[PDB]
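Each chain, written out:
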Amino acid sequence: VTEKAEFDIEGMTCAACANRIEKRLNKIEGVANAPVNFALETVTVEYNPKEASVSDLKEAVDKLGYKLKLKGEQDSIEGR
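Residues numbered from 1 in each chain as written, not as in the entry; some residues may be left out. Heavy atoms only, no water.

The deposited coordinates, according to the entry record, derive from solution NMR.

Below, the structure is given as structure tokens:
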């Protein structure tokens, strides 16, 4: 179905600005959820690697102005 990926944020960390992320990611067709964090400096995306990719959504964030890159997956631990 969908894969639960994490991305680490270099630029801004503020609720309303970050809120644009949600829409900028929800733009991806093959998306389910994108409950990004607006303090912890981490974006978290639930999307399928069929329709878009990390590179695409990364571009959406770069286009906002501030840089994005993958970290790994949901959380630092919880192997499941």
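So that's the structure; there's more coming.
J.: Help me understand the environment of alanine 5, please; the structure alone is not making it clear to me.
T.: Of note, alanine 5 is situated in strand β1 (residues 3-10). Sequence separation between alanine 5 and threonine 44 is 39 residues, and the spatial gap between their C-alpha atoms is 5.8 Å. (Helix = DSSP H or I, 4+ residues; strand = E, 2+ residues; numbered from the N terminus.)

J.: Quick question: what am I supposed to make of the pattern of salt bridges here?
T.: Between side chains of opposite charge, a pair can form when the charged atoms approach closely. Taken as a whole and judged by the stated rule, the model has four salt bridges. We note a salt bridge from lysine 50 to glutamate 51, for which the minimum N-O separation is 3.6 Å. As a salt-bridge pair, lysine 67 and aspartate 62 come within 2.6 Å of each other at their nearest N and O atoms. Classification of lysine 67 as partly exposed rests on a relative accessible area of 42%. (Salt bridge = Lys/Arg side-chain N within 4 Å of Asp/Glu carboxyl O. Buried < 20%, exposed > 50% of the residue type's maximum accessible area, 1.4 Å probe, protein only.)

J.: Help me understand the side chain of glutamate 6, please; the structure alone is not making it clear to me.
T.: Relative to the assigned elements, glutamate 6 resides in strand β1. A relative accessible area of 8% means that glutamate 6 is categorised as buried. Among the polar contacts listed, one links the side chain of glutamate 6 to the side chain of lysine 71, at a separation of 2.5 Å. A distance of 2.7 Å separates a polar atom in the side chain of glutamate 6 from the backbone nitrogen of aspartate 75. Leave out the neighbours within four places in its chain, and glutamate 6 touches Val43, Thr44, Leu70, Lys71, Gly72, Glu73, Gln74 and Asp75. (Polar contact = N/O pair within 3.5 Å; in protein donor to acceptor, adjacent residues only side chain to side chain. Contact = heavy atoms within 4.5 Å.)

J.: Any chance you could explain the sheet that holds β1 here in plain terms?
T.: Strands in a sheet are paired, the pairing made by backbone hydrogen bonds, and the direction either parallel or antiparallel. The sheet built from four strands is open, its strands ordered β2-β3-β1-β4 with antiparallel pairing. Lying at the two open borders of the sheet, with one neighbouring strand each, are β2 (31-33) and β4 (67-70). Shown here is a sheet whose adjacent strand axes are inclined to one another by a mean of 40°, direction ignored. Bridge analysis of β1 against β4 gives four bridges, and the strand direction is antiparallel. (Pairing = 2+ DSSP bridges. Axes fitted to C-alpha atoms, helices over the stretch in contact; angles between N-to-C directions.)

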